[PDB]
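Peer 1: One structure follows; several queries about it will come next.
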Protein chains: 4
Amino acid sequence: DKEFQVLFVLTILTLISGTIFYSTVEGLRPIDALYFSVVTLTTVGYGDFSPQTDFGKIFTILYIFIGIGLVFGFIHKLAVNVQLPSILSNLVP
Amino acid sequence: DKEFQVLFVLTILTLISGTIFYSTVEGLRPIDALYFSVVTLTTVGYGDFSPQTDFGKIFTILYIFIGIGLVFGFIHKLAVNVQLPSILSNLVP
Amino acid sequence: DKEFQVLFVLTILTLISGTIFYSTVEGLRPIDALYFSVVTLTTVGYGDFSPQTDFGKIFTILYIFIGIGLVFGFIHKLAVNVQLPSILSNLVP
Amino acid sequence: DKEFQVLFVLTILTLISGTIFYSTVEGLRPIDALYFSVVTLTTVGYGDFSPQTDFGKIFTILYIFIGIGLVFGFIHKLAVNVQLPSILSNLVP
Ligand SMILES: [Ba+2]
Ligand SMILES: [Ba+2]
Ligand SMILES: [K+]
Ligand SMILES: [K+]
Ligand SMILES: [K+]
């Protein structure tokens, strides 16, 4: 519960930072910058967007290292503290 | 055993949702939509398909967060509860 | 030790299957098929190669689900049973 | 603490090796080679860069297998031994 809200907040802040950075420096629309930040930090990495500037590439290196741990922490406390009970909730007689 | 069948079902439902969504909104053939959903949720993310609409991008953000935990849960109970014994089965004298 | 050799073998067999499949059905050179199989199962997924046939897409879906667990098992017993001691070996006085 | 500095060093060496290799054999600028090495070993894999030579493809196969375990080890001791306390530090009254 309180574990999940902190990681939720931390993740949001991380995604806000990426959104602001890539819309400014890489010139993406904010929605595209948010989408790209998520696709990056979850390691999906389609490559429909990718940084074209050296500033963007360097930030991306750091962003990935700092953000992956946080995002996946959230993903798997979300799966553990929120979806795992819910699935059990519609199971037991 | 029963752990594996639930995750199997949960994963199928998730993949069905993606298939329906991306074939409708992004106009993919259903097979391509299924393939894309799998490539997305396993984080492989080739990028041969990727959402072109804002609706698609927003759904994809949410789809990734909800679905990755489930898919990898399945992958590694499949590896743990199904392939791990089977490999041992063809080992011991 | 014996844990590591089994996973080594299992991984090789998986990579051989992908190499044969993608060189035949998707028409890749065998080296490209091997490279693509690795890039796929480690989830790197550059997308310089990706299946163009429905046969290829369906196989890829199954290949990913069966193979990711195995490949990462190997990766992290390799890191745990082989590189972890070696790094310690050049540490202690 | 000392766990984190070793993994920091090991990761740097790995990234230096990739930078040197891909700038030489694949002809990338060193910054692009570093960026590509990171994007590769974190499995993000945009595909804006990817090896075009057989030498590059073979190295990449080996680089991925050796380096992923190390990089993610670092990522999650960084998240565990460095960011986890820091976040708690700005929490408690
Ligand atoms: Ba492309
Ligand atoms: Ba990827
Ligand atoms: K990945
Ligand atoms: K890609
Ligand atoms: K990718």
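Please note that chains go A, B, ... in the order of the structure tokens, that every chain numbers its residues from 1, and that ligands are numbered from 1 in the order shown.
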Which residues are near ligand 2 in this structure, taking near to mean any atom at most 8 Å from a ligand atom and counting only C-alpha atoms and all ligand atoms? Format them as number ranges by chain.
Peer 2: A: 43-46; B: 43-46; C: 43-46; D: 43-46
Peer 1: Neighbours of ligand 1 within 7 Å, counting only C-alpha atoms and all ligand atoms, as an MDAnalysis selection string?
Peer 2: (chainID A and resid 47:48) or (chainID B and resid 47:48) or (chainID C and resid 47:48) or (chainID D and resid 47:48)
Peer 1: Of the candidates D:38, D:20, D:9, D:66, which shows the shortest atom-to-atom distance to chain C, using only C-alpha atoms?
Peer 2: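 Nearest candidate to chain C out of D:38, D:20, D:9, D:66: D:66.
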Peer 1: Please, can I see chain D fitted onto chain C by all in-order Cα atoms (least squares), as a CSV table (one decimal) with N, CA and C atoms, in the first residue's frame?
Peer 2:
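Below is the file part.csv, written as the result:
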chain,number,residue,atom,x,y,z
D,1,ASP,N,28.4,-25.7,-11.6
D,1,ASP,CA,29.2,-26.4,-12.6
D,1,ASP,C,28.3,-27.3,-13.5
D,2,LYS,N,27.7,-28.4,-12.9
D,2,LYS,CA,26.9,-29.2,-13.8
D,2,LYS,C,25.6,-28.4,-14.2
D,3,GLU,N,25.2,-27.5,-13.3
D,3,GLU,CA,24.0,-26.7,-13.6
D,3,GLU,C,24.3,-25.8,-14.8
D,4,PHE,N,25.5,-25.3,-14.9
D,4,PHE,CA,25.9,-24.4,-16.0
D,4,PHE,C,26.1,-25.1,-17.3
D,5,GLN,N,26.5,-26.4,-17.3
D,5,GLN,CA,26.7,-27.1,-18.6
D,5,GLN,C,25.3,-27.5,-19.2
D,6,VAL,N,24.3,-27.8,-18.4
D,6,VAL,CA,23.0,-28.1,-18.9
D,6,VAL,C,22.4,-26.9,-19.6
D,7,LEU,N,22.4,-25.8,-18.9
D,7,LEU,CA,21.8,-24.5,-19.4
D,7,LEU,C,22.6,-24.1,-20.7
D,8,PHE,N,23.9,-24.3,-20.7
D,8,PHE,CA,24.7,-24.1,-21.9
D,8,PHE,C,24.2,-24.9,-23.0
D,9,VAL,N,24.0,-26.2,-22.8
D,9,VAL,CA,23.5,-27.1,-23.9
D,9,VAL,C,22.1,-26.7,-24.3
D,10,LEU,N,21.2,-26.5,-23.3
D,10,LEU,CA,19.8,-26.1,-23.7
D,10,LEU,C,19.8,-24.9,-24.5
D,11,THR,N,20.6,-23.9,-24.2
D,11,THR,CA,20.6,-22.6,-24.9
D,11,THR,C,21.1,-22.8,-26.3
D,12,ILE,N,22.2,-23.6,-26.4
D,12,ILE,CA,22.7,-23.9,-27.8
D,12,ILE,C,21.7,-24.5,-28.7
D,13,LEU,N,20.9,-25.5,-28.1
D,13,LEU,CA,19.9,-26.2,-28.9
D,13,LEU,C,18.8,-25.2,-29.3
D,14,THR,N,18.5,-24.3,-28.5
D,14,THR,CA,17.5,-23.3,-28.8
D,14,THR,C,17.9,-22.4,-29.9
D,15,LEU,N,19.2,-22.0,-29.8
D,15,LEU,CA,19.7,-21.1,-30.8
D,15,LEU,C,19.9,-21.8,-32.1
D,16,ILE,N,20.3,-23.1,-32.1
D,16,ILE,CA,20.3,-23.9,-33.3
D,16,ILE,C,18.9,-24.0,-34.0
D,17,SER,N,17.9,-24.2,-33.2
D,17,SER,CA,16.6,-24.2,-33.7
D,17,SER,C,16.2,-22.9,-34.4
D,18,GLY,N,16.5,-21.8,-33.8
D,18,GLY,CA,16.1,-20.5,-34.4
D,18,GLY,C,17.0,-20.3,-35.7
D,19,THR,N,18.2,-20.7,-35.6
D,19,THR,CA,19.1,-20.5,-36.8
D,19,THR,C,18.5,-21.2,-38.0
D,20,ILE,N,18.2,-22.5,-37.8
D,20,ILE,CA,17.6,-23.3,-38.8
D,20,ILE,C,16.3,-22.7,-39.3
D,21,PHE,N,15.4,-22.4,-38.4
D,21,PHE,CA,14.1,-21.9,-38.8
D,21,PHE,C,14.2,-20.6,-39.6
D,22,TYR,N,14.9,-19.6,-39.0
D,22,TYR,CA,14.8,-18.3,-39.7
D,22,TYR,C,15.7,-18.3,-41.0
D,23,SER,N,16.7,-19.2,-41.1
D,23,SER,CA,17.4,-19.2,-42.4
D,23,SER,C,16.5,-19.9,-43.5
D,24,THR,N,15.7,-20.9,-43.1
D,24,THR,CA,14.8,-21.6,-44.0
D,24,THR,C,13.6,-20.8,-44.4
D,25,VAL,N,12.8,-20.5,-43.4
D,25,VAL,CA,11.5,-19.9,-43.7
D,25,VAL,C,11.6,-18.4,-44.0
D,26,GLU,N,12.5,-17.6,-43.3
D,26,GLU,CA,12.6,-16.2,-43.5
D,26,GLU,C,13.8,-15.9,-44.5
D,27,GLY,N,14.5,-16.9,-44.9
D,27,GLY,CA,15.5,-16.8,-45.9
D,27,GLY,C,16.8,-16.0,-45.4
D,28,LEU,N,17.0,-16.0,-44.1
D,28,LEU,CA,18.2,-15.3,-43.7
D,28,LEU,C,19.5,-16.1,-43.9
D,29,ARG,N,20.7,-15.5,-44.1
D,29,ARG,CA,21.9,-16.3,-44.0
D,29,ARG,C,22.0,-16.9,-42.6
D,30,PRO,N,22.6,-18.1,-42.5
D,30,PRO,CA,22.7,-18.7,-41.1
D,30,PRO,C,23.3,-17.8,-40.1
D,31,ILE,N,24.3,-17.0,-40.4
D,31,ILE,CA,24.9,-16.1,-39.4
D,31,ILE,C,23.9,-15.1,-38.9
D,32,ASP,N,23.1,-14.5,-39.9
D,32,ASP,CA,22.1,-13.5,-39.6
D,32,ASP,C,21.0,-14.2,-38.8
D,33,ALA,N,20.6,-15.4,-39.1
D,33,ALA,CA,19.6,-16.1,-38.3
D,33,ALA,C,20.0,-16.4,-36.9
D,34,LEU,N,21.2,-16.8,-36.7
D,34,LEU,CA,21.8,-16.9,-35.3
D,34,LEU,C,21.8,-15.6,-34.6
D,35,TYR,N,22.3,-14.6,-35.2
D,35,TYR,CA,22.4,-13.3,-34.6
D,35,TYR,C,20.9,-12.8,-34.3
D,36,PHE,N,20.0,-12.9,-35.2
D,36,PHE,CA,18.6,-12.6,-35.0
D,36,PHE,C,18.0,-13.4,-33.8
D,37,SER,N,18.2,-14.7,-33.8
D,37,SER,CA,17.7,-15.5,-32.7
D,37,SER,C,18.2,-15.0,-31.3
D,38,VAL,N,19.5,-14.6,-31.2
D,38,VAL,CA,20.1,-14.1,-30.0
D,38,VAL,C,19.4,-12.7,-29.6
D,39,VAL,N,19.4,-11.9,-30.6
D,39,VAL,CA,18.8,-10.5,-30.4
D,39,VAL,C,17.4,-10.6,-29.9
D,40,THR,N,16.7,-11.6,-30.5
D,40,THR,CA,15.3,-11.8,-30.1
D,40,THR,C,15.2,-12.4,-28.7
D,41,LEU,N,15.9,-13.5,-28.3
D,41,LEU,CA,15.7,-14.1,-27.1
D,41,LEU,C,16.2,-13.3,-25.9
D,42,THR,N,17.2,-12.4,-26.1
D,42,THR,CA,17.7,-11.6,-25.0
D,42,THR,C,16.8,-10.3,-24.9
D,43,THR,N,15.8,-10.2,-25.7
D,43,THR,CA,14.9,-9.1,-25.8
D,43,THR,C,15.5,-7.8,-26.3
D,44,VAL,N,16.7,-7.8,-26.8
D,44,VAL,CA,17.3,-6.6,-27.4
D,44,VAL,C,16.5,-6.1,-28.5
D,45,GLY,N,16.2,-7.0,-29.5
D,45,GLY,CA,15.2,-6.7,-30.6
D,45,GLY,C,15.5,-5.5,-31.4
D,46,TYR,N,16.7,-5.3,-32.0
D,46,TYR,CA,16.9,-4.1,-32.8
D,46,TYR,C,15.9,-3.9,-33.9
D,47,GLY,N,15.5,-5.0,-34.5
D,47,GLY,CA,14.6,-4.9,-35.7
D,47,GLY,C,15.2,-4.7,-37.0
D,48,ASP,N,16.6,-4.9,-37.1
D,48,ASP,CA,17.2,-4.9,-38.4
D,48,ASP,C,16.8,-6.2,-39.1
D,49,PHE,N,16.5,-7.2,-38.4
D,49,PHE,CA,15.8,-8.4,-38.9
D,49,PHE,C,14.5,-8.6,-38.1
D,50,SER,N,13.5,-9.0,-38.8
D,50,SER,CA,12.2,-9.3,-38.1
D,50,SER,C,11.4,-10.2,-39.1
D,51,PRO,N,10.6,-11.1,-38.6
D,51,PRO,CA,9.9,-12.0,-39.5
D,51,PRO,C,8.9,-11.3,-40.4
D,52,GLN,N,8.9,-11.6,-41.7
D,52,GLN,CA,8.0,-11.0,-42.7
D,52,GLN,C,6.8,-12.0,-43.1
D,53,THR,N,7.0,-13.2,-42.8
D,53,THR,CA,5.9,-14.2,-43.1
D,53,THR,C,5.1,-14.5,-41.9
D,54,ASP,N,3.8,-15.0,-42.1
D,54,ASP,CA,3.0,-15.3,-41.0
D,54,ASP,C,3.5,-16.5,-40.2
D,55,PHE,N,4.0,-17.5,-41.0
D,55,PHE,CA,4.7,-18.6,-40.4
D,55,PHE,C,5.8,-18.1,-39.4
D,56,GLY,N,6.6,-17.2,-39.9
D,56,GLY,CA,7.7,-16.6,-39.1
D,56,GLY,C,7.2,-15.9,-37.9
D,57,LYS,N,6.1,-15.2,-38.0
D,57,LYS,CA,5.5,-14.4,-36.9
D,57,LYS,C,5.0,-15.4,-35.8
D,58,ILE,N,4.3,-16.4,-36.3
D,58,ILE,CA,3.8,-17.3,-35.3
D,58,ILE,C,4.9,-18.1,-34.6
D,59,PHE,N,5.9,-18.6,-35.3
D,59,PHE,CA,7.0,-19.2,-34.7
D,59,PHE,C,7.7,-18.3,-33.7
D,60,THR,N,7.8,-17.0,-34.1
D,60,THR,CA,8.5,-16.1,-33.2
D,60,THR,C,7.8,-15.9,-31.9
D,61,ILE,N,6.5,-15.8,-31.9
D,61,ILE,CA,5.7,-15.8,-30.7
D,61,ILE,C,6.0,-16.9,-29.8
D,62,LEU,N,6.0,-18.1,-30.3
D,62,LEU,CA,6.2,-19.3,-29.5
D,62,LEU,C,7.7,-19.4,-29.1
D,63,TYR,N,8.6,-19.1,-30.0
D,63,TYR,CA,10.0,-19.1,-29.7
D,63,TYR,C,10.4,-18.2,-28.5
D,64,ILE,N,9.8,-17.0,-28.5
D,64,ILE,CA,10.0,-16.0,-27.5
D,64,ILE,C,9.6,-16.6,-26.1
D,65,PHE,N,8.3,-17.1,-26.1
D,65,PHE,CA,7.8,-17.6,-24.8
D,65,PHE,C,8.6,-18.8,-24.3
D,66,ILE,N,9.0,-19.7,-25.2
D,66,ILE,CA,9.7,-20.9,-24.7
D,66,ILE,C,11.2,-20.5,-24.4
D,67,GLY,N,11.8,-19.7,-25.2
D,67,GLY,CA,13.2,-19.4,-25.1
D,67,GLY,C,13.8,-18.4,-24.2
D,68,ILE,N,13.0,-17.3,-23.9
D,68,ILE,CA,13.4,-16.3,-23.0
D,68,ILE,C,13.8,-16.8,-21.6
D,69,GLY,N,13.0,-17.6,-21.0
D,69,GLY,CA,13.2,-18.2,-19.7
D,69,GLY,C,14.5,-18.9,-19.7
D,70,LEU,N,14.8,-19.7,-20.7
D,70,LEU,CA,16.0,-20.5,-20.8
D,70,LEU,C,17.2,-19.6,-21.0
D,71,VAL,N,17.2,-18.7,-21.9
D,71,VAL,CA,18.3,-17.8,-22.2
D,71,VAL,C,18.7,-17.0,-21.0
D,72,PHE,N,17.7,-16.4,-20.3
D,72,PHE,CA,18.1,-15.6,-19.1
D,72,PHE,C,18.5,-16.5,-17.9
D,73,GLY,N,18.0,-17.7,-17.8
D,73,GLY,CA,18.4,-18.6,-16.8
D,73,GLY,C,19.9,-18.8,-17.0
D,74,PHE,N,20.3,-19.1,-18.2
D,74,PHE,CA,21.7,-19.3,-18.6
D,74,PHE,C,22.5,-18.0,-18.3
D,75,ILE,N,22.0,-16.9,-18.7
D,75,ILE,CA,22.7,-15.7,-18.5
D,75,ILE,C,23.0,-15.5,-17.1
D,76,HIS,N,22.0,-15.7,-16.2
D,76,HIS,CA,22.3,-15.4,-14.9
D,76,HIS,C,22.8,-16.6,-14.0
D,77,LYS,N,22.9,-17.8,-14.5
D,77,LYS,CA,23.8,-18.8,-13.9
D,77,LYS,C,25.2,-18.6,-14.4
D,78,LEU,N,25.4,-18.1,-15.6
D,78,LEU,CA,26.7,-17.8,-16.1
D,78,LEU,C,27.3,-16.6,-15.3
D,79,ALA,N,26.5,-15.6,-15.0
D,79,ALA,CA,26.9,-14.5,-14.2
D,79,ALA,C,27.2,-14.9,-12.8
D,80,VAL,N,26.4,-15.9,-12.3
D,80,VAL,CA,26.5,-16.3,-10.9
D,80,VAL,C,27.5,-17.4,-10.7
D,81,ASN,N,27.5,-18.4,-11.6
D,81,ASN,CA,28.4,-19.5,-11.3
D,81,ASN,C,29.7,-19.5,-12.0
D,82,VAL,N,30.0,-18.4,-12.8
D,82,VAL,CA,31.2,-18.3,-13.6
D,82,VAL,C,31.9,-17.0,-13.5
D,83,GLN,N,31.2,-15.9,-13.6
D,83,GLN,CA,31.9,-14.6,-13.6
D,83,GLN,C,32.0,-14.0,-12.2
D,84,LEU,N,31.0,-14.3,-11.4
D,84,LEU,CA,31.0,-13.9,-10.0
D,84,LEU,C,32.2,-14.4,-9.2
D,85,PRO,N,32.5,-15.7,-9.4
D,85,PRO,CA,33.8,-16.1,-8.7
D,85,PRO,C,35.0,-15.5,-9.3
D,86,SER,N,35.1,-15.5,-10.6
D,86,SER,CA,36.2,-15.0,-11.3
D,86,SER,C,36.6,-13.6,-10.9
D,87,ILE,N,35.5,-12.7,-10.8
D,87,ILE,CA,35.8,-11.4,-10.3
D,87,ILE,C,36.3,-11.3,-8.9
D,88,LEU,N,35.8,-12.1,-8.0
D,88,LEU,CA,36.3,-12.2,-6.7
D,88,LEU,C,37.8,-12.8,-6.7
D,89,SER,N,38.1,-13.7,-7.6
D,89,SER,CA,39.4,-14.3,-7.7
D,89,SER,C,40.5,-13.2,-7.9
D,90,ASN,N,40.2,-12.2,-8.7
D,90,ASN,CA,41.2,-11.1,-8.8
D,90,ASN,C,41.0,-10.0,-7.8
D,91,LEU,N,40.3,-10.2,-6.7
D,91,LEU,CA,40.1,-9.2,-5.7
D,91,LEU,C,40.9,-9.4,-4.5
D,92,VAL,N,40.6,-10.5,-3.8
D,92,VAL,CA,41.2,-10.8,-2.5
D,92,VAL,C,42.7,-10.9,-2.5
D,93,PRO,N,43.4,-10.2,-1.6
D,93,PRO,CA,44.8,-10.0,-1.5
D,93,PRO,C,45.6,-11.3,-1.8
Peer 1: Just the alpha helix (DSSP H) stuff from chain C, please, per backbone DSSP, written as a count of residues only.
Peer 2: 67
